[PDB]
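Engineer: Mind looking over this structure? Questions follow.
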Amino acid sequence: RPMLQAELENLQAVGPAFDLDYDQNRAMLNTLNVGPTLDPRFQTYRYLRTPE
Amino acid sequence: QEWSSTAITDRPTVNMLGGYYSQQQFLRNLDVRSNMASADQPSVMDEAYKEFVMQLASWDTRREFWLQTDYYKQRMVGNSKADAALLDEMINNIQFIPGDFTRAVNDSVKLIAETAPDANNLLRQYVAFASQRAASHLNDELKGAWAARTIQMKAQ
Amino acid sequence: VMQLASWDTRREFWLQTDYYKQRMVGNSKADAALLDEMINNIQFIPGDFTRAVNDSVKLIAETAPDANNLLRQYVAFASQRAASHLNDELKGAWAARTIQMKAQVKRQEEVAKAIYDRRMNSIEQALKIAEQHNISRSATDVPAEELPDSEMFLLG
Amino acid sequence: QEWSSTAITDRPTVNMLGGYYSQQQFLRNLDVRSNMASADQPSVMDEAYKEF
């Protein structure tokens with residue numbers, strides 16, 4: 001009874017157990033939540049022959 | 001008079017993609033980490049240039065460029081039919097010639113105006129216009145892919 | 001090769017040479033016509049590996065020493081431009097790589113801190129529970145400290 | 001009179017696939033854990049444009 005009660009209380013206090021994959025996913029989600037930085041007016045070509 | 005000007009383009013450099021490149025790379029990383037989709041896909045510069053080439057040859061892009069070019073607006077008589085005919089003619093003035101790598105010929109664009117300075121300036125402005133449209137479309141695509149990835153990660 | 005065949009490269013090369021400068025007459029139209037004529041004087045013929053023929057470049061001038069020196073200088077010019085472009089591409093890719101690595105290191109630090117905080121909380125709760133149940137025997141299980149956070153109470 | 005008009009189309013983008021894209025992607029994941037699906041398969045927008 002004492003050991004079982006102590007284990008019950010400890011498991012209740014600690015909560016569910018997570019692995020390294022969960023923490024890595026949480027960090028990646030944190031970096032994803034900041035959102036992309038949309039910079040306009042970036043060039044999508046380069047000139048091999050400029051108009052003249 | 002019918003003067004003509006020519007431009008030849010190629011894929012952008014890494015430095016001229018600004019931050020966009022890096023952002024796109026980040027998303028690609030995730031597509032490699034989960035839901036294997038690399039398959040030695042074309043680089044970010046290749047996709048950006050593909051979008052730019054799609055915008056350059058687009059009929060809608062030429063129409064919208066001419067509608068705000070201040071060179072079409074001067075040649076407007078106030079008659080809807082004549083204005084539409086002139087707009088169609090000037091849309092047909094811009095021509096895109098795709099290139100194939102077999103004979104080492106690149107994509108080219110030719111513009112036709114009534115004077116040489118006009119033929120030069122209008123072609124420069126049209127290339128800038130198409131590049132800006134392609135950049136905006138790429139930014140929208142990046143936003144959509146980022147939102148989808150965020151939703152998937154939240155669900156996981 | 002892309003720099004060699006580029007119209008812009010030939011234009012700038014002819015602009016920076018004394019061969020073109022000495023032939024200028026001061027009239028803008030005539031100078032532009034001469035520049036356009038001399039740009040076409042450099043012809044790049046791409047090679048074909050199937051026929052075991054390599055890429056070639058031919059330069060036309062008004063004198064044999066000129067035709068030799070100008071071709072040598074133009075090849076050096078194109079090589080220098082290609083080297084500069086390659087350096088710019090390398091710098092851009094390096095910046096992208098260092099940004100990505102910095103982000104990855106930051107994420108790793110965040111993950112490690114989260115795990116450390118979770119273990120802190122588990123140890124504190126286990127200590128409080130042990131002090132509540134007067135478990136001061138200092139030993140209840142044979143394994144070492146590498147116990148799950150829910151089983152850390154089996155220690156004094 | 002016989003007047004005529006022309007339209008030219010291309011594949012859609014992720015942005016105007018609404019939620020559908022995401023849903024489809026989810027299923028594709030369930031199809032690569034089991035049966036492996038196909039590593040080299042047309043994208044969601046490719047299939048949407050094929051149906052269109």
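Residue numbers start at 1 in each chain; chains themselves are named A, B, ... in the order of the structure tokens; ligands are numbered from 1 in the order shown.
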Just list as a PyMOL selection string whatever in range 2-147 of chain C DSSP marks as alpha helix (DSSP H).

Structural biologist: chain C and resi 2-5+7-15+18-22+28-39+64-132

Engineer: So that I can see what lies close to residue 24 in chain D, please list as a ChimeraX atom specification the residues with an atom at most 12 Å from it, counting only C-alpha atoms and leaving out residues fewer than 3 positions away in the same chain.

Structural biologist: /B:148,152 /D:14,17-21,27-31,43-45,47-48

Engineer: Per residue of chain A within 12 Å of range 42-58 of chain B, record the nearest atom pair and its distance in Å to one decimal, counting only C-alpha atoms, with rows in chain order and ascending residue number, as a tab-separated table.

Structural biologist:
```
residue	atom	partner	partner_atom	distance
A:42	CA	B:48	CA	10.4
A:43	CA	B:48	CA	9.0
A:44	CA	B:48	CA	5.6
A:45	CA	B:49	CA	6.0
A:46	CA	B:49	CA	9.1
A:47	CA	B:49	CA	11.8
```

Engineer: Can you spit out the residues from that selection as a CSV table (one decimal), in the first residue's frame, using C-alpha atoms?

Structural biologist:
```
chain,number,residue,atom,x,y,z
A,42,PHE,CA,13.2,40.0,-55.2
A,43,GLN,CA,14.4,39.3,-58.7
A,44,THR,CA,13.4,36.0,-60.4
A,45,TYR,CA,15.6,36.3,-63.4
A,46,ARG,CA,19.0,37.4,-64.6
A,47,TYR,CA,19.9,39.2,-67.8
```

Engineer: Do me a favour and pick out the residues of chain C within 7 Å of chain B, using only C-alpha atoms, as a PDB file with N, CA, C and O atoms, in the first residue's frame.

Structural biologist:
```
ATOM      1  N   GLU C  89      27.750  33.558 -56.101  1.00  0.00           N
ATOM      2  CA  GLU C  89      26.889  32.412 -55.826  1.00  0.00           C
ATOM      3  C   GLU C  89      27.366  31.646 -54.599  1.00  0.00           C
ATOM      4  O   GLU C  89      26.556  31.226 -53.762  1.00  0.00           O
ATOM      5  N   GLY C  92      26.436  33.606 -51.469  1.00  0.00           N
ATOM      6  CA  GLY C  92      25.019  33.482 -51.157  1.00  0.00           C
ATOM      7  C   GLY C  92      24.668  32.133 -50.556  1.00  0.00           C
ATOM      8  O   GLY C  92      23.932  32.046 -49.567  1.00  0.00           O
ATOM      9  N   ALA C  93      25.196  31.059 -51.148  1.00  0.00           N
ATOM     10  CA  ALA C  93      24.934  29.725 -50.616  1.00  0.00           C
ATOM     11  C   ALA C  93      25.522  29.565 -49.219  1.00  0.00           C
ATOM     12  O   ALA C  93      24.919  28.923 -48.351  1.00  0.00           O
ATOM     13  N   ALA C  96      23.186  31.279 -46.781  1.00  0.00           N
ATOM     14  CA  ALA C  96      22.011  30.448 -46.536  1.00  0.00           C
ATOM     15  C   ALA C  96      22.343  29.287 -45.606  1.00  0.00           C
ATOM     16  O   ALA C  96      21.582  28.983 -44.674  1.00  0.00           O
TER      17      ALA C  96
END
```

Engineer: Find the nearest atom pair between each residue of range 16-38 of chain A and range 111-135 of chain C for residues within 8 Å, count only C-alpha atoms, give distances in Å to one decimal, sort rows by chain and ascending number, and present the table as JSON lines.

Structural biologist:
```
{"residue": "A:23", "atom": "CA", "partner": "C:111", "partner_atom": "CA", "distance": 5.7}
{"residue": "A:24", "atom": "CA", "partner": "C:111", "partner_atom": "CA", "distance": 6.1}
{"residue": "A:27", "atom": "CA", "partner": "C:111", "partner_atom": "CA", "distance": 6.4}
```

Engineer: Please write the residues from the selection above to a file, keeping N, CA, C and O atoms, as a PDB file, in the first residue's frame.

Structural biologist:
```pdb
ATOM      1  N   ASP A  23       9.598  16.551 -28.343  1.00  0.00           N
ATOM      2  CA  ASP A  23      10.238  17.838 -28.087  1.00  0.00           C
ATOM      3  C   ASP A  23      10.782  18.453 -29.370  1.00  0.00           C
ATOM      4  O   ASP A  23      10.689  19.670 -29.572  1.00  0.00           O
ATOM      5  N   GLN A  24      11.360  17.629 -30.247  1.00  0.00           N
ATOM      6  CA  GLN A  24      11.840  18.140 -31.526  1.00  0.00           C
ATOM      7  C   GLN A  24      10.689  18.680 -32.367  1.00  0.00           C
ATOM      8  O   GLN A  24      10.807  19.746 -32.985  1.00  0.00           O
ATOM      9  N   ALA A  27       9.638  22.044 -30.931  1.00  0.00           N
ATOM     10  CA  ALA A  27      10.539  23.123 -31.330  1.00  0.00           C
ATOM     11  C   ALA A  27      10.325  23.514 -32.788  1.00  0.00           C
ATOM     12  O   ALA A  27      10.321  24.705 -33.131  1.00  0.00           O
TER      13      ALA A  27
END
```

Engineer: Residues of range 38-132 of chain B classed as strand (DSSP E) by DSSP on the backbone are to be reported as a VMD selection string.

Structural biologist: chain B and resid 95 to 97 108 to 113

Engineer: Restricted to N, CA, C and O atoms, what would the selected residues look like written as a PDB file, in the first residue's frame?

Structural biologist:
```pdb
ATOM      1  N   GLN B  95       6.422  39.398 -77.928  1.00  0.00           N
ATOM      2  CA  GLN B  95       6.557  38.003 -78.320  1.00  0.00           C
ATOM      3  C   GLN B  95       7.588  37.318 -77.438  1.00  0.00           C
ATOM      4  O   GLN B  95       8.625  37.899 -77.113  1.00  0.00           O
ATOM      5  N   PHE B  96       7.297  36.081 -77.047  1.00  0.00           N
ATOM      6  CA  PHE B  96       8.201  35.278 -76.239  1.00  0.00           C
ATOM      7  C   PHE B  96       8.639  34.063 -77.042  1.00  0.00           C
ATOM      8  O   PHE B  96       7.797  33.322 -77.559  1.00  0.00           O
ATOM      9  N   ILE B  97       9.948  33.863 -77.147  1.00  0.00           N
ATOM     10  CA  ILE B  97      10.531  32.734 -77.857  1.00  0.00           C
ATOM     11  C   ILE B  97      11.221  31.845 -76.824  1.00  0.00           C
ATOM     12  O   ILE B  97      12.295  32.204 -76.316  1.00  0.00           O
ATOM     13  N   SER B 108      14.001  34.118 -74.891  1.00  0.00           N
ATOM     14  CA  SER B 108      14.124  35.504 -75.313  1.00  0.00           C
ATOM     15  C   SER B 108      12.748  36.145 -75.383  1.00  0.00           C
ATOM     16  O   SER B 108      11.733  35.466 -75.548  1.00  0.00           O
ATOM     17  N   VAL B 109      12.723  37.467 -75.240  1.00  0.00           N
ATOM     18  CA  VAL B 109      11.496  38.244 -75.344  1.00  0.00           C
ATOM     19  C   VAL B 109      11.768  39.453 -76.227  1.00  0.00           C
ATOM     20  O   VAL B 109      12.782  40.140 -76.060  1.00  0.00           O
ATOM     21  N   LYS B 110      10.869  39.706 -77.174  1.00  0.00           N
ATOM     22  CA  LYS B 110      10.998  40.803 -78.119  1.00  0.00           C
ATOM     23  C   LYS B 110       9.794  41.721 -77.984  1.00  0.00           C
ATOM     24  O   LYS B 110       8.653  41.253 -77.946  1.00  0.00           O
ATOM     25  N   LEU B 111      10.051  43.023 -77.912  1.00  0.00           N
ATOM     26  CA  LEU B 111       9.002  44.024 -77.808  1.00  0.00           C
ATOM     27  C   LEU B 111       9.082  44.972 -78.995  1.00  0.00           C
ATOM     28  O   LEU B 111      10.164  45.259 -79.509  1.00  0.00           O
ATOM     29  N   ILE B 112       7.920  45.448 -79.434  1.00  0.00           N
ATOM     30  CA  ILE B 112       7.811  46.328 -80.590  1.00  0.00           C
ATOM     31  C   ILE B 112       7.079  47.593 -80.170  1.00  0.00           C
ATOM     32  O   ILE B 112       5.999  47.523 -79.574  1.00  0.00           O
ATOM     33  N   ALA B 113       7.667  48.744 -80.485  1.00  0.00           N
ATOM     34  CA  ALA B 113       7.074  50.037 -80.183  1.00  0.00           C
ATOM     35  C   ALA B 113       7.201  50.929 -81.409  1.00  0.00           C
ATOM     36  O   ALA B 113       7.598  50.483 -82.488  1.00  0.00           O
TER      37      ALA B 113
END
```

Engineer: For a quick test of understanding: name the residues of chain B lying within 12 Å of chain D when counting only C-alpha atoms, and present them as a VMD selection string.

Structural biologist: chain B and resid 31 to 32 34 to 41 51 54 to 55 57 to 60 137 to 153 155 to 156

Engineer: Would you export the selected residues with N, CA and C atoms as a compact mmCIF listing (two decimals), in the first residue's frame, please?

Structural biologist:
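Listing of part_25.txt after writing:
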```txt
# COMPACT_ATOMS: atom_id res chain seq x y z
N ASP B 31 9.98 18.62 -46.06
CA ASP B 31 9.48 17.65 -47.03
C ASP B 31 10.43 16.47 -47.19
N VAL B 32 11.69 16.63 -46.79
CA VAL B 32 12.61 15.50 -46.77
C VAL B 32 12.53 14.75 -45.45
N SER B 34 9.88 14.44 -43.41
CA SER B 34 8.63 13.69 -43.39
C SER B 34 8.01 13.73 -44.78
N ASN B 35 7.32 12.65 -45.14
CA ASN B 35 6.65 12.53 -46.44
C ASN B 35 7.65 12.70 -47.58
N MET B 36 8.53 11.70 -47.71
CA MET B 36 9.64 11.72 -48.66
C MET B 36 9.20 12.21 -50.03
N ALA B 37 9.73 13.35 -50.46
CA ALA B 37 9.34 13.93 -51.74
C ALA B 37 10.50 14.59 -52.48
N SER B 38 11.75 14.39 -52.05
CA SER B 38 12.88 15.07 -52.68
C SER B 38 13.01 14.68 -54.14
N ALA B 39 13.32 13.41 -54.41
CA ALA B 39 13.40 12.88 -55.77
C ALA B 39 14.26 13.76 -56.68
N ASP B 40 15.37 14.25 -56.13
CA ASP B 40 16.29 15.19 -56.78
C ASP B 40 15.52 16.24 -57.60
N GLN B 41 14.67 16.98 -56.89
CA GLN B 41 13.83 17.98 -57.52
C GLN B 41 14.68 19.16 -57.99
N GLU B 51 8.52 30.08 -62.94
CA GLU B 51 7.41 31.00 -62.71
C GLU B 51 7.60 32.30 -63.48
N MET B 54 6.78 31.64 -67.07
CA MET B 54 5.34 31.51 -67.21
C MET B 54 4.67 32.88 -67.22
N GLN B 55 5.13 33.79 -66.36
CA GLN B 55 4.56 35.13 -66.33
C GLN B 55 4.94 35.93 -67.57
N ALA B 57 5.48 34.98 -70.73
CA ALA B 57 4.74 34.60 -71.92
C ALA B 57 3.23 34.70 -71.75
N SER B 58 2.76 35.07 -70.57
CA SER B 58 1.33 35.08 -70.31
C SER B 58 0.63 36.21 -71.05
N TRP B 59 -0.50 35.89 -71.67
CA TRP B 59 -1.32 36.90 -72.33
C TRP B 59 -1.85 37.92 -71.32
N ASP B 60 -2.28 37.44 -70.15
CA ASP B 60 -2.81 38.34 -69.13
C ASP B 60 -1.75 39.30 -68.63
N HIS B 137 3.68 35.86 -56.86
CA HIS B 137 3.09 34.53 -56.91
C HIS B 137 3.90 33.54 -56.09
N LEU B 138 5.23 33.63 -56.15
CA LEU B 138 6.08 32.74 -55.36
C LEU B 138 5.89 32.99 -53.87
N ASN B 139 5.73 34.25 -53.46
CA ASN B 139 5.47 34.54 -52.06
C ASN B 139 4.14 33.95 -51.61
N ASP B 140 3.11 34.05 -52.45
CA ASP B 140 1.83 33.45 -52.11
C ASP B 140 1.94 31.93 -51.99
N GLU B 141 2.69 31.31 -52.90
CA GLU B 141 2.91 29.87 -52.82
C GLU B 141 3.64 29.49 -51.54
N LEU B 142 4.64 30.28 -51.16
CA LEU B 142 5.37 30.02 -49.93
C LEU B 142 4.45 30.13 -48.72
N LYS B 143 3.58 31.14 -48.70
CA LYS B 143 2.62 31.27 -47.60
C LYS B 143 1.70 30.06 -47.53
N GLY B 144 1.19 29.61 -48.68
CA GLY B 144 0.29 28.46 -48.67
C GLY B 144 0.97 27.20 -48.17
N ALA B 145 2.18 26.94 -48.67
CA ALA B 145 2.91 25.75 -48.24
C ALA B 145 3.27 25.82 -46.76
N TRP B 146 3.65 27.01 -46.28
CA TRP B 146 3.97 27.18 -44.87
C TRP B 146 2.75 26.92 -44.00
N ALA B 147 1.59 27.43 -44.40
CA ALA B 147 0.37 27.19 -43.63
C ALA B 147 0.01 25.71 -43.61
N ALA B 148 0.13 25.04 -44.75
CA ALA B 148 -0.17 23.61 -44.79
C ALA B 148 0.77 22.82 -43.88
N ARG B 149 2.06 23.15 -43.93
CA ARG B 149 3.03 22.46 -43.08
C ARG B 149 2.76 22.72 -41.60
N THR B 150 2.40 23.96 -41.25
CA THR B 150 2.08 24.27 -39.87
C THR B 150 0.87 23.47 -39.39
N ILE B 151 -0.16 23.37 -40.23
CA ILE B 151 -1.34 22.59 -39.87
C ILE B 151 -0.97 21.13 -39.66
N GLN B 152 -0.16 20.57 -40.56
CA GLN B 152 0.24 19.17 -40.43
C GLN B 152 1.04 18.95 -39.16
N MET B 153 1.97 19.86 -38.84
CA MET B 153 2.77 19.70 -37.64
C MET B 153 1.92 19.82 -36.38
N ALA B 155 -1.24 18.98 -36.12
CA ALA B 155 -1.98 17.72 -36.02
C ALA B 155 -1.08 16.60 -35.49
N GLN B 156 0.16 16.53 -35.98
CA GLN B 156 1.08 15.50 -35.52
C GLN B 156 1.39 15.65 -34.04
```
